[PDB]
Amino acid sequence: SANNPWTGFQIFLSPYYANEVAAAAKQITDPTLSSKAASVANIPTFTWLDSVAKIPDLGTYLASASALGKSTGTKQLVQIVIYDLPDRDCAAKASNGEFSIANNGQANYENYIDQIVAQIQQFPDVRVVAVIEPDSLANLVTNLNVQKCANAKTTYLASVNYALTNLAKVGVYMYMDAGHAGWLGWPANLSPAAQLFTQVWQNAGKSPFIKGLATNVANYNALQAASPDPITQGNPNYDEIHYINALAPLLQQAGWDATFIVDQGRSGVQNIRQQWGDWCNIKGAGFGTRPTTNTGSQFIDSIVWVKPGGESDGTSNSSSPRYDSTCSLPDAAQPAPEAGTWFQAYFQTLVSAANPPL
Ligand SMILES: CO[C@@H]1O[C@H](CO)[C@@H](O[C@@H]2O[C@H](CO)[C@@H](S[C@@H]3O[C@H](CO)[C@@H](O[C@@H]4O[C@H](CO)[C@@H](O)[C@H](O)[C@H]4O)[C@H](O)[C@H]3O)[C@H](O)[C@H]2O)[C@H](O)[C@H]1O
């Protein structure tokens, strides 16, 4: 649409991912692949606020971006993921979310949002783009038969509402997570999804800062596939562009001219999954299209890298209290370390298999 949050801004590069990548490139023995790997630190990624412990880091990133913009004559943009719902990941076998509905989860989550808002408030010269709660609202479309999700529904809705309402007060541009083509892009899921996202947008006051939806976050789908991945049989929306082309008009009819961002950080290699639902450390993934507003679609503001490729999706150690057995499937790279920790072998393949090449 008229106002693309990225136009005219320089994206602040994550220092944490930069540290991980430089350390990783040092361990890659081939010199040429090593320099390819090091250049990944110059590719903008999203910073995940997956716990309250990450909020002080948000503060430093905002302050660093502010000073960088003044130093270089630019306007800076910081990319964040809001990811700390109580009873997080309600349909999963394991979750690493620190908050529970049973232990004041709503109030704890509000305080998490309040601390984030208090940081952002202090740096009005820095633009912020936030992905709102991956693996949350999409469960309320398809997974209400999961008892943990059914019992979490009112909390997910209330907490996402609190995030939208209060981050809007400090001008954050917001994209609600909306799964991917193999989750909500099934034609039969489109209208239920549109009805839910519209109701959430309405509850938060239809703020213009609620720009739309984020798709393929931490997943592996093509934006535009050469041919349908065999995992997609039965779904005519076999890539993200088909999904977005089908969902966007439904939102527009509800009065919400929604735009989209699409994760492609691990989409360089297609046809690597046995089943579409397999999401953990999928073996053979490559870095995909680098972030750009040259998206090829009226509905898509930016291709983005939301999930930082190289950080594990989960351990394959079945004795871990955080073990999700999805991470032991035949198409999951193994052995894999705990979620969020660096997975060096996986990063090296992401670099080697990058498409386009690095
Ligand atoms: C239809 O069923 C659903 O399918 C979707 C896939 O379409 C499943 O979603 C997957 O859910 C997993 C959780 O159950 C998460 S793993 C999750 O990843 C995040 C992102 O890495 C981890 O957290 C933070 O990441 C930061 C950056 O890496 C780190 O700084 C921090 O340390 C990490 O904690 C988190 O710990 C992991 O648990 C998948 O991303 C998602 O695809 C869904 O489960 C099905 O129900």
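Below, the figures for the structure above:
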{"item": "Rel. contact order, % - alpha carbon contacts under 8 angstrom, at least six apart, the range 131-224", "result": "38"}
{"item": "The chain, relative contact order [Cα under 8 Å, separation at least 6], %", "result": "15"}
{"item": "Per-residue Cβ neighbour rank within 10 angstrom, fewest leading, 293, 155", "result": "293, 155"}
{"item": "Proximal charge balance of residue 305 [Cβ under 12 Å; K/R count +1, D/E count -1]", "result": "+1"}
{"item": "Cα point-scatterer Debye curve for the range 1-147, base-10 log of I(q)/I(0) at q = 0.10, 0.20, 0.22 Å⁻¹", "result": "-0.46, -1.18, -1.27"}
{"item": "Cα-derived Rg over Rh, computed across the range 200-273 with Rh taken as Kirkwood radius", "result": "1.04"}
{"item": "The chain - mean residue ellipticity at 222 nm from DSSP helices (-39,500 (n - 2.57) per run, n ≥ 4, rounded to 500)", "result": "-11500 deg cm²/dmol"}
{"item": "All Cα pairs of the range 123-243, percent lying beyond 19 Å", "result": "51"}
{"item": "Which of 34, 1 has the fewest Cβ neighbours within 10 Å, and the rest in rising order", "result": "1, 34"}
{"item": "The chain: C-alpha gyration tensor shape, a/c 1.5 cut-off, then a/b vs b/c", "result": "rounded"}
{"item": "The range 282-323: relative contact order as a whole-number percent, Cα under 8 Å and 6+ apart", "result": "25"}
{"item": "Radius of gyration and Dmax over the Cα atoms of the range 159-301, both given in Å", "result": "15.2, 44"}
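Each reported figure results from applying straightforward, stated rules to the coordinates on display, with no laboratory input. Reconstructed Cβ throughout: ideal geometry from the backbone, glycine too, with neighbour counts over all protein chains shown.
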